[PDB]
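**Student:** I'd like to ask some things about the structure below.
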Amino acid sequence: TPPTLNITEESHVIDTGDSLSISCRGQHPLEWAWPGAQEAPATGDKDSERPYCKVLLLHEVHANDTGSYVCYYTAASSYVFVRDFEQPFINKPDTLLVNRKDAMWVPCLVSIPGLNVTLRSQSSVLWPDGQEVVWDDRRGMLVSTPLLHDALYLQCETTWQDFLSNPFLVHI
Amino acid sequence: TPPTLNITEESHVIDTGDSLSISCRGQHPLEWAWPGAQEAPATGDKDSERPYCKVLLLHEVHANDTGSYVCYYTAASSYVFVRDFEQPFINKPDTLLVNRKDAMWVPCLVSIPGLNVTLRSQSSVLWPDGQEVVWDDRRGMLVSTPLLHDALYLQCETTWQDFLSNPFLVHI
Amino acid sequence: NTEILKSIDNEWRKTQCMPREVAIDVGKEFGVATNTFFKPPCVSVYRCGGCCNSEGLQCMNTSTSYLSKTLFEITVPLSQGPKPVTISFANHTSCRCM
Amino acid sequence: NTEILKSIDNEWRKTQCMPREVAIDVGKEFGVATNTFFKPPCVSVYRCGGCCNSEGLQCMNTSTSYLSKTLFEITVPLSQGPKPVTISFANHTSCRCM
Ligand SMILES: *[C@@H]1O[C@H](CO)[C@@H](O[C@@H]2O[C@H](CO)[C@@H](O)[C@H](O)[C@H]2NC(C)=O)[C@H](O)[C@H]1NC(C)=O
Ligand SMILES: *[C@@H]1O[C@H](CO)[C@@H](O[C@@H]2O[C@H](CO)[C@@H](O)[C@H](O)[C@H]2NC(C)=O)[C@H](O)[C@H]1NC(C)=O
Ligand SMILES: *[C@@H]1O[C@H](CO)[C@@H](O)[C@H](O)[C@H]1NC(C)=O
Ligand SMILES: *[C@@H]1O[C@H](CO)[C@@H](O)[C@H](O)[C@H]1NC(C)=O
Ligand SMILES: *[C@@H]1O[C@H](CO)[C@@H](O)[C@H](O)[C@H]1NC(C)=O
Ligand SMILES: *[C@@H]1O[C@H](CO)[C@@H](O)[C@H](O)[C@H]1NC(C)=O
Ligand SMILES: *[C@@H]1O[C@H](CO)[C@@H](O)[C@H](O)[C@H]1NC(C)=O
Ligand SMILES: *[C@@H]1O[C@H](CO)[C@@H](O)[C@H](O)[C@H]1NC(C)=O
Ligand SMILES: *[C@@H]1O[C@H](CO)[C@@H](O)[C@H](O)[C@H]1NC(C)=O
Ligand SMILES: *[C@@H]1O[C@H](CO)[C@@H](O)[C@H](O)[C@H]1NC(C)=O
């Protein structure tokens with residue numbers, strides 16, 4: 001029942017401006033779920049081999065193309081990080097709210113899988129060590145609500161020539 | 001009907017520590033009205049001459065003895081200024097109120113008949129020239145109410161080694 | 001006596017009517033819908049304030065300057081994102097008990 | 001963008017909750033008889049003040065010092081003269097939105 005890709009990895013490291021093309025091929029008629037459009041040819045090429053195939057290709061790939069890529073007919077997920085140098089950071093921008101549930105996640109997405117990175121704001125800098133506040137390369141950092149209530153805005157700070165994303169904060 | 005003194009003047013210039021003795025003599029049995037007590041012998045000595053006489057005497061006269069002196073049986077008034085060097089100024093002290101009637105008089109009494117003297121407070125100094133605000137040696141200075149409303153306390157300032165009286169102010 | 005009148009007078013001087021930096025809540029300052037957040041919610045401006053020595057007299061402005069400030073306004077639901085707004089706030093420059 | 005977030009953040013910083021010199025009306029501060037005048041009527045002390053970014057949170061003192069001040073009290077009628085009184089006023093030294 002579950003389909004499979006031409007690259008059996010949950011995390012691919014790609015550079016920007018690099019052409020990327022993968023074949024999701026498994027049983028039934030399939031369709032990719034690559035985030036957005038366009039400049040990327042969508043052609044469903046059969047192959048038989050013991051399944052119907054479908055290929056996804058893209059010539060011009062930069063920062064605004066990094067994301068998750070799923071090929072659902074039991075789904076088949078694979079994340080791809082596209083490294084850029086000019087704009088390593090992707091903001092909302094200016095989109096952030098929260099509900100009292102002890103879970104406040106910040107959506108500041110990272111181009112590179114391994115970074116030493118800290119979140120700063122008006123109220124000093126907040127270092128992630130993993131127990132109360134925890135960093136995650138997949139999307140951003142996780143912080144408890146009642147402690148971050150004190151802060152009004154937030155902005156992820158890096159170590160490179162520095163780059164600062166900038167969402168805000170409104171409590172409920 | 002009206003009595004007369006041994007000194008027909010409305011203003012006498014005396015120095016402190018000087019013995020002062022005057023004879024009010026006129027018709028009926030008389031009695032002085034010299035401010036207060038004591039250390040001043042009160043003896044009603046008749047004289048005939050064409051009237052019943054009464055003398056007032058005082059050996060120790062300082063600042064706290066300067067004032068008005070009346071001999072009423074048609075009354076007979078005479079003011080006496082007793083010059084002192086240590087305490088040239090007599091305060092209330094701390095006694096001052098006012099009613100809205102355009103007339104606000106300050107009770108800061110002066111030892112010397114002719115002085116150049118100005119009233120000062122938190123709100124600068126107030127110079128007397130005679131039309132709106134006017135100085136008077138008899139008792140103090142006269143000021144209109146709604147203009148002095150701005151000030152909270154008042155204190156007469158002199159020109160000598162300086163001396164400052166100190167009443168207050170409460171409006172109505 | 002002396003030194004006490006001195007200090008008391010100093011207290012008066014220090015507590016007199018004048019413009020002071022205060023934090024004005026913007027929303028409450030224009031009286032907007034109960035569905036708006038301002039960021040920041042408040043701005044620092046100078047307004048006439050302090051204590052008069054009479055009760056029937058109240059500290060009011062006799063002259064006002066105006067300061068342009070720019071901030072962000074969030075509406076609900078999150079249909080759009082925070083938009084930049086320019087607003088003029090009163091900056092009192094002189095006061096009198098009236 | 002940049003410079004605007006900068007200034008906005010500066011406005012926040014400038015408008016944050018903290019102790020501020022204010023003029024407290026003494027009579028109204030202890031709630032005395034409506035026949036007393038205080039001279040001076042008000043004293044300058046620091047009290048916790050400013051704006052919180054939530055509504056249900058209110059700026060309160062978490063620690064207070066006390067200042068001795070001496071002033072005069074007039075009663076009515078003018079039976080006696082102004083008498084010296086020593087009074088302790090709160091001087092807030094730390095604040096939190098609670
Ligand atoms: C906003 O108001 C303040 C008043 O607190 C102004 O700051 C100064 O205020 C003093 C009053 O003691 C004046 O003498 C000065 O002329 C003011 N300016 C300075 C710093 O010298 C401030 O200027 C006002 N801002 C504007 C321009 O609107
Ligand atoms: C009264 O309160 C004020 C608070 O505004 C105190 O002044 C200073 O406040 C700052 C807060 O930013 C402290 O860091 C200082 O330690 C305080 N003192 C100074 C001038 O250094 C003030 O001390 C208080 N007065 C007292 C002693 O009651
Ligand atoms: C299929 O996937 C491999 C990686 O597993 C990739 O190298 C190759 O280019 C892909 N073939 C195409 C372009 O269909
Ligand atoms: C990403 O998205 C925007 C959409 O208009 C595009 O203009 C921009 O050039 C893209 N970034 C790139 C390709 O560097
Ligand atoms: C990032 O920081 C960690 C802290 O332990 C360090 O071990 C690691 O070497 C750093 N990465 C670098 C500077 O390459
Ligand atoms: C009477 O008055 C005169 C001044 O007119 C004074 O010199 C004299 O001492 C007085 N006589 C007395 C002491 O009764
Ligand atoms: C004035 O009056 C008081 C009353 O007790 C007295 O003690 C003081 O010594 C007098 N001033 C003089 C005589 O210098
Ligand atoms: C007091 O001041 C007046 C101002 O005209 C002046 O004429 C007078 O000489 C002064 N008195 C003095 C200094 O003797
Ligand atoms: C204060 O007074 C001035 C006088 O011109 C006026 O323009 C200003 O609007 C006043 N401030 C207020 C009431 O906001
Ligand atoms: C502020 O908090 C302190 C905590 O000890 C308390 O002692 C003080 O009385 C409070 N100030 C008030 C409510 O006047």
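Labels for the structure tokens follow display order: chains A, B, ..., residues from 1 in each chain, ligands from 1.
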For residue 43 of chain A, please output as a JSON list (two decimals) with N, CA, C and O atoms, in the first residue's frame all residues within 8 Å (counting only C-alpha atoms; exclusion window: fewer than 5 positions along the same chain).

**Tutor:**
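Final output, saved to selection.json:
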```json
[["chain", "number", "residue", "atom", "x", "y", "z"],
["A", 54, "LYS", "N", 6.14, 8.48, -11.07],
["A", 54, "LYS", "CA", 5.88, 9.90, -11.23],
["A", 54, "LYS", "C", 7.11, 10.70, -10.80],
["A", 54, "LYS", "O", 7.58, 10.55, -9.67],
["A", 55, "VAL", "N", 7.63, 11.53, -11.69],
["A", 55, "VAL", "CA", 8.84, 12.29, -11.39],
["A", 55, "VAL", "C", 8.56, 13.77, -11.15],
["A", 55, "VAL", "O", 7.72, 14.38, -11.81],
["A", 56, "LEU", "N", 9.28, 14.34, -10.18],
["A", 56, "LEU", "CA", 9.20, 15.77, -9.91],
["A", 56, "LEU", "C", 10.58, 16.39, -10.13],
["A", 56, "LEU", "O", 11.57, 15.90, -9.60]]
```

**Student:** If you count only C-alpha atoms and all ligand atoms, which residues end up within 10 Å of ligand 9, as a PyMOL selection string?

**Tutor:** chain C and resi 47-48+60-66+89-95

**Student:** Output the contact residues of chain C with respect to chain A at a cut-off of 12 Å, based on only C-alpha atoms, as a list in words.

**Tutor:**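 Those within range of chain A come out as residues 36, 37, 38, 39, 40, 41, 72, 73, 74, 75, 76, 77, 78, 79, 80, 81, 82, 83 and 84 of chain C.
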
**Student:** Please produce chain C as a short mmCIF file (atom, residue, chain, number, x, y, z; two decimals) with C-alpha atoms, in the first residue's frame once it has been superposed on chain D, the fit using all Cα atoms paired in sequence order.

**Tutor:**
```
data_model
loop_
_atom_site.label_atom_id
_atom_site.label_comp_id
_atom_site.auth_asym_id
_atom_site.auth_seq_id
_atom_site.Cartn_x
_atom_site.Cartn_y
_atom_site.Cartn_z
CA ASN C 1 11.36 47.81 8.37
CA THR C 2 14.68 47.68 10.25
CA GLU C 3 14.84 51.22 11.65
CA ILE C 4 11.11 51.18 12.37
CA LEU C 5 11.26 47.95 14.39
CA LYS C 6 14.24 49.60 16.09
CA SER C 7 12.34 52.70 17.11
CA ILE C 8 9.19 50.77 18.01
CA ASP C 9 11.25 48.53 20.31
CA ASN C 10 12.74 51.71 21.77
CA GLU C 11 9.23 53.04 22.44
CA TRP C 12 8.39 49.79 24.20
CA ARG C 13 11.59 50.02 26.23
CA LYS C 14 10.80 53.64 27.14
CA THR C 15 7.18 52.90 28.08
CA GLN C 16 7.80 49.78 30.18
CA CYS C 17 6.60 49.16 33.76
CA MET C 18 8.84 50.74 36.42
CA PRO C 19 8.95 53.07 39.46
CA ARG C 20 8.35 56.72 38.60
CA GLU C 21 8.41 59.96 40.55
CA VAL C 22 4.84 61.06 41.13
CA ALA C 23 3.09 63.65 43.27
CA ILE C 24 1.01 62.09 46.01
CA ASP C 25 -1.70 64.19 47.65
CA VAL C 26 -1.07 63.59 51.34
CA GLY C 27 -4.61 64.20 52.61
CA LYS C 28 -5.97 61.90 49.91
CA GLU C 29 -3.18 59.44 50.71
CA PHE C 30 -4.29 58.93 54.30
CA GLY C 31 -7.90 60.01 53.83
CA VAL C 32 -8.12 62.71 56.48
CA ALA C 33 -10.95 65.02 57.54
CA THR C 34 -12.37 67.36 54.90
CA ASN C 35 -11.29 70.23 57.14
CA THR C 36 -7.51 69.86 56.92
CA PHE C 37 -5.04 71.58 54.63
CA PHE C 38 -1.60 70.07 54.15
CA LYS C 39 1.38 72.30 53.39
CA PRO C 40 2.69 71.37 50.99
CA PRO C 41 -0.43 69.45 49.89
CA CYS C 42 1.58 66.92 47.92
CA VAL C 43 4.92 65.08 48.15
CA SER C 44 7.16 63.66 45.39
CA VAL C 45 7.84 59.95 45.81
CA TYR C 46 8.52 57.03 43.51
CA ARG C 47 5.68 54.60 42.89
CA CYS C 48 5.41 51.63 40.54
CA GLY C 49 3.77 52.70 37.31
CA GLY C 50 3.58 52.19 33.56
CA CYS C 51 1.83 49.98 31.04
CA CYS C 52 1.56 46.19 30.81
CA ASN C 53 1.11 44.38 27.48
CA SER C 54 -1.83 42.40 28.82
CA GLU C 55 -4.98 43.77 30.48
CA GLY C 56 -5.43 41.21 33.27
CA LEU C 57 -1.93 42.01 34.49
CA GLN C 58 -1.50 45.15 36.59
CA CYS C 59 1.70 46.88 37.69
CA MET C 60 2.27 46.29 41.45
CA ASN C 61 5.17 46.71 43.92
CA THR C 62 7.30 43.74 44.82
CA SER C 63 9.44 45.69 47.29
CA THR C 64 9.00 49.02 49.06
CA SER C 65 11.32 51.39 50.94
CA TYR C 66 10.01 54.07 53.30
CA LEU C 67 10.94 57.75 53.32
CA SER C 68 10.56 60.03 56.32
CA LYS C 69 9.32 63.49 55.36
CA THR C 70 8.28 66.38 57.60
CA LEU C 71 5.58 68.90 56.72
CA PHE C 72 2.91 71.16 58.19
CA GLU C 73 -0.80 70.55 58.86
CA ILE C 74 -3.41 73.31 59.14
CA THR C 75 -6.70 72.52 60.90
CA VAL C 76 -9.88 74.64 61.07
CA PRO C 77 -10.83 76.77 62.88
CA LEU C 78 -7.48 78.49 63.44
CA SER C 79 -7.45 77.39 67.08
CA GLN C 80 -3.74 76.63 66.97
CA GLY C 81 -1.00 77.29 64.44
CA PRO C 82 0.52 74.87 61.89
CA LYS C 83 2.16 71.96 63.72
CA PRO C 84 5.13 69.95 62.44
CA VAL C 85 4.32 66.36 61.52
CA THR C 86 6.62 63.51 60.51
CA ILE C 87 5.19 61.05 57.99
CA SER C 88 6.52 57.97 56.20
CA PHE C 89 5.77 57.57 52.49
CA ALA C 90 6.17 54.49 50.33
CA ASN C 91 9.05 54.55 47.85
CA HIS C 92 8.54 51.59 45.54
CA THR C 93 11.82 49.91 44.61
CA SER C 94 10.72 47.07 42.30
CA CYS C 95 7.64 46.24 40.22
CA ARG C 96 5.95 43.38 38.37
CA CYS C 97 2.81 42.97 36.27
CA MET C 98 0.58 40.78 38.46
#
```

**Student:** Within 10 Å of segment 130-138 of chain B, counting only C-alpha atoms, which residues show up once you throw out same-chain ones fewer than 4 positions away? Write them as a list in words, please.

**Tutor:** residues 11, 67, 68, 79, 81, 104, 105, 106, 107, 108, 109, 110, 111, 112, 113, 114, 115, 116, 117, 118, 119, 126, 142, 143 and 144 of chain B

**Student:** Give me every strand (DSSP E) residue in chain D, going by DSSP on the backbone, as a PyMOL selection string.

**Tutor:** chain D and resi 18-25+37-39+42-49+59-74+83-97

**Student:** List all protein, DNA and RNA residues that have any atom at most 7 Å from ligand 3, counting only C-alpha atoms and all ligand atoms, and write the list as a list in words.

**Tutor:**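 Counting only C-alpha atoms and all ligand atoms, the residues within 7 Å of ligand 3 come out as residues 6, 7, 21, 22, 23 and 55 of chain A.
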
**Student:** Mind writing the picked residues with C-alpha atoms as a PDB file, in the first residue's frame?

**Tutor:**
```
ATOM      1  CA  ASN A   6      13.772   7.552  -5.742  1.00  0.00           C
ATOM      2  CA  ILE A   7      15.657   8.635  -2.626  1.00  0.00           C
ATOM      3  CA  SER A  21      14.703  15.714  -9.636  1.00  0.00           C
ATOM      4  CA  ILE A  22      13.269  12.693  -7.801  1.00  0.00           C
ATOM      5  CA  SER A  23      11.057   9.776  -8.892  1.00  0.00           C
ATOM      6  CA  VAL A  55       8.838  12.290 -11.394  1.00  0.00           C
TER       7      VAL A  55
END
```

**Student:** Any chance you could list, as a ChimeraX atom specification, the residues in segment 2-154 of chain B that come up alpha helix (DSSP H) when DSSP is run on the backbone?

**Tutor:** /B:145-148

**Student:** Keeping only N, CA and C atoms, take the residues you just selected and write them out as a PDB file, in the first residue's frame.

**Tutor:**
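selection09.pdb was written with the following content:
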```pdb
ATOM      1  N   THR B 145      -5.650  89.593  46.079  1.00  0.00           N
ATOM      2  CA  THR B 145      -5.785  88.148  46.286  1.00  0.00           C
ATOM      3  C   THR B 145      -5.497  87.231  45.076  1.00  0.00           C
ATOM      4  N   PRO B 146      -6.125  87.501  43.911  1.00  0.00           N
ATOM      5  CA  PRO B 146      -6.053  86.477  42.863  1.00  0.00           C
ATOM      6  C   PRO B 146      -4.662  86.345  42.254  1.00  0.00           C
ATOM      7  N   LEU B 147      -3.801  87.331  42.485  1.00  0.00           N
ATOM      8  CA  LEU B 147      -2.443  87.275  41.963  1.00  0.00           C
ATOM      9  C   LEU B 147      -1.525  86.509  42.913  1.00  0.00           C
ATOM     10  N   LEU B 148      -1.753  86.659  44.216  1.00  0.00           N
ATOM     11  CA  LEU B 148      -0.941  85.958  45.205  1.00  0.00           C
ATOM     12  C   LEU B 148      -1.439  84.540  45.448  1.00  0.00           C
TER      13      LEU B 148
END
```

**Student:** Would you work out the distance separating atom CA of residue 102 of chain B from atom CA of residue 151 of chain B, expressed in Å to one decimal?

**Tutor:** 15.3 Å

**Student:** Which residues sit within 8 Å of ligand 7, counting only C-alpha atoms and all ligand atoms, listed as a PyMOL selection string?

**Tutor:** chain B and resi 60-65

**Student:** Using C-alpha atoms, can you export the residues from the last selection as a PDB file, in the first residue's frame?

**Tutor:**
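As written to disk, out-v9.pdb reads:
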```pdb
ATOM      1  CA  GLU B  60      12.834  97.588  79.768  1.00  0.00           C
ATOM      2  CA  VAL B  61      11.621  98.120  76.225  1.00  0.00           C
ATOM      3  CA  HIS B  62      12.786  95.949  73.344  1.00  0.00           C
ATOM      4  CA  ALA B  63      11.280  94.574  70.132  1.00  0.00           C
ATOM      5  CA  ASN B  64       8.384  92.660  71.693  1.00  0.00           C
ATOM      6  CA  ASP B  65       7.082  95.991  73.014  1.00  0.00           C
TER       7      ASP B  65
END
```

**Student:** Select the residues contacting ligand 4 at a distance of at most 12 Å, based on only C-alpha atoms and all ligand atoms, then format the selection as an NGL selection string.

**Tutor:** :A and (16-17 or 36-39 or 59-66 or 82-88 or 90)

**Student:** Keeping N, CA, C and O atoms, export the residues of the selection given above as a PDB file, in the first residue's frame.

**Tutor:**
```
ATOM      1  N   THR A  16      21.649  25.612  -2.957  1.00  0.00           N
ATOM      2  CA  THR A  16      20.756  26.430  -3.774  1.00  0.00           C
ATOM      3  C   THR A  16      21.229  26.493  -5.219  1.00  0.00           C
ATOM      4  O   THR A  16      22.401  26.256  -5.510  1.00  0.00           O
ATOM      5  N   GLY A  17      20.306  26.802  -6.123  1.00  0.00           N
ATOM      6  CA  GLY A  17      20.621  26.902  -7.536  1.00  0.00           C
ATOM      7  C   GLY A  17      20.959  25.564  -8.162  1.00  0.00           C
ATOM      8  O   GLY A  17      21.380  25.497  -9.317  1.00  0.00           O
ATOM      9  N   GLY A  36       4.061  24.664  -3.399  1.00  0.00           N
ATOM     10  CA  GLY A  36       3.883  25.846  -4.223  1.00  0.00           C
ATOM     11  C   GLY A  36       4.156  25.737  -5.711  1.00  0.00           C
ATOM     12  O   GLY A  36       3.884  24.717  -6.345  1.00  0.00           O
ATOM     13  N   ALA A  37       4.702  26.820  -6.258  1.00  0.00           N
ATOM     14  CA  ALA A  37       4.893  26.992  -7.693  1.00  0.00           C
ATOM     15  C   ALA A  37       5.809  28.205  -7.883  1.00  0.00           C
ATOM     16  O   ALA A  37       5.872  29.058  -6.998  1.00  0.00           O
ATOM     17  N   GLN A  38       6.525  28.301  -9.005  1.00  0.00           N
ATOM     18  CA  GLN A  38       6.499  27.322 -10.088  1.00  0.00           C
ATOM     19  C   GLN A  38       7.901  27.070 -10.629  1.00  0.00           C
ATOM     20  O   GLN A  38       8.801  26.682  -9.883  1.00  0.00           O
ATOM     21  N   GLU A  39       8.070  27.288 -11.933  1.00  0.00           N
ATOM     22  CA  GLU A  39       9.341  27.062 -12.625  1.00  0.00           C
ATOM     23  C   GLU A  39       9.851  25.631 -12.459  1.00  0.00           C
ATOM     24  O   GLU A  39      11.033  25.355 -12.662  1.00  0.00           O
ATOM     25  N   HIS A  59      14.527  23.146 -11.803  1.00  0.00           N
ATOM     26  CA  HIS A  59      15.802  23.705 -12.238  1.00  0.00           C
ATOM     27  C   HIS A  59      16.290  24.808 -11.303  1.00  0.00           C
ATOM     28  O   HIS A  59      17.388  24.726 -10.754  1.00  0.00           O
ATOM     29  N   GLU A  60      15.470  25.839 -11.129  1.00  0.00           N
ATOM     30  CA  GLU A  60      15.839  26.980 -10.297  1.00  0.00           C
ATOM     31  C   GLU A  60      15.330  26.824  -8.868  1.00  0.00           C
ATOM     32  O   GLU A  60      14.156  27.066  -8.587  1.00  0.00           O
ATOM     33  N   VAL A  61      16.191  26.399  -7.996  1.00  0.00           N
ATOM     34  CA  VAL A  61      15.855  26.196  -6.597  1.00  0.00           C
ATOM     35  C   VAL A  61      16.734  27.029  -5.689  1.00  0.00           C
ATOM     36  O   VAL A  61      17.952  26.821  -5.617  1.00  0.00           O
ATOM     37  N   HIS A  62      16.062  27.921  -4.930  1.00  0.00           N
ATOM     38  CA  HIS A  62      16.739  28.798  -3.985  1.00  0.00           C
ATOM     39  C   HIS A  62      16.204  28.587  -2.570  1.00  0.00           C
ATOM     40  O   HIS A  62      15.861  27.471  -2.186  1.00  0.00           O
ATOM     41  N   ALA A  63      16.134  29.674  -1.807  1.00  0.00           N
ATOM     42  CA  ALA A  63      15.659  29.629  -0.433  1.00  0.00           C
ATOM     43  C   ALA A  63      14.147  29.435  -0.372  1.00  0.00           C
ATOM     44  O   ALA A  63      13.660  28.556   0.348  1.00  0.00           O
ATOM     45  N   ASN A  64      13.410  30.229  -1.150  1.00  0.00           N
ATOM     46  CA  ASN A  64      11.953  30.154  -1.125  1.00  0.00           C
ATOM     47  C   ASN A  64      11.392  28.868  -1.741  1.00  0.00           C
ATOM     48  O   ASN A  64      10.253  28.826  -2.189  1.00  0.00           O
ATOM     49  N   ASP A  65      12.197  27.810  -1.706  1.00  0.00           N
ATOM     50  CA  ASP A  65      11.795  26.516  -2.254  1.00  0.00           C
ATOM     51  C   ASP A  65      12.114  25.377  -1.284  1.00  0.00           C
ATOM     52  O   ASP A  65      11.689  24.235  -1.494  1.00  0.00           O
ATOM     53  N   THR A  66      12.885  25.649  -0.235  1.00  0.00           N
ATOM     54  CA  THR A  66      13.212  24.683   0.809  1.00  0.00           C
ATOM     55  C   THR A  66      11.954  24.264   1.558  1.00  0.00           C
ATOM     56  O   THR A  66      11.140  25.111   1.925  1.00  0.00           O
ATOM     57  N   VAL A  82      17.432  23.189   1.393  1.00  0.00           N
ATOM     58  CA  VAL A  82      18.166  23.860   0.323  1.00  0.00           C
ATOM     59  C   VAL A  82      18.971  25.048   0.850  1.00  0.00           C
ATOM     60  O   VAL A  82      18.422  26.106   1.160  1.00  0.00           O
ATOM     61  N   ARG A  83      20.283  24.853   0.939  1.00  0.00           N
ATOM     62  CA  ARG A  83      21.203  25.828   1.509  1.00  0.00           C
ATOM     63  C   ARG A  83      21.370  27.064   0.637  1.00  0.00           C
ATOM     64  O   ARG A  83      21.785  26.967  -0.515  1.00  0.00           O
ATOM     65  N   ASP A  84      21.055  28.225   1.201  1.00  0.00           N
ATOM     66  CA  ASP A  84      21.274  29.496   0.525  1.00  0.00           C
ATOM     67  C   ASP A  84      22.207  30.369   1.355  1.00  0.00           C
ATOM     68  O   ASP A  84      22.323  30.187   2.568  1.00  0.00           O
ATOM     69  N   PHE A  85      22.872  31.318   0.703  1.00  0.00           N
ATOM     70  CA  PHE A  85      23.856  32.161   1.376  1.00  0.00           C
ATOM     71  C   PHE A  85      23.351  33.583   1.605  1.00  0.00           C
ATOM     72  O   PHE A  85      23.675  34.209   2.614  1.00  0.00           O
ATOM     73  N   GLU A  86      22.560  34.089   0.664  1.00  0.00           N
ATOM     74  CA  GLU A  86      22.036  35.448   0.756  1.00  0.00           C
ATOM     75  C   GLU A  86      20.951  35.559   1.822  1.00  0.00           C
ATOM     76  O   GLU A  86      21.038  36.392   2.724  1.00  0.00           O
ATOM     77  N   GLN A  87      19.930  34.715   1.710  1.00  0.00           N
ATOM     78  CA  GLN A  87      18.833  34.707   2.672  1.00  0.00           C
ATOM     79  C   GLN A  87      18.713  33.350   3.355  1.00  0.00           C
ATOM     80  O   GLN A  87      17.895  32.520   2.956  1.00  0.00           O
ATOM     81  N   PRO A  88      19.534  33.117   4.391  1.00  0.00           N
ATOM     82  CA  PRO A  88      19.531  31.846   5.121  1.00  0.00           C
ATOM     83  C   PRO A  88      18.310  31.714   6.021  1.00  0.00           C
ATOM     84  O   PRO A  88      18.020  30.623   6.507  1.00  0.00           O
ATOM     85  N   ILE A  90      14.119  32.370   6.818  1.00  0.00           N
ATOM     86  CA  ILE A  90      12.777  32.639   6.326  1.00  0.00           C
ATOM     87  C   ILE A  90      11.824  32.973   7.474  1.00  0.00           C
ATOM     88  O   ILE A  90      11.628  32.180   8.398  1.00  0.00           O
TER      89      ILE A  90
END
```
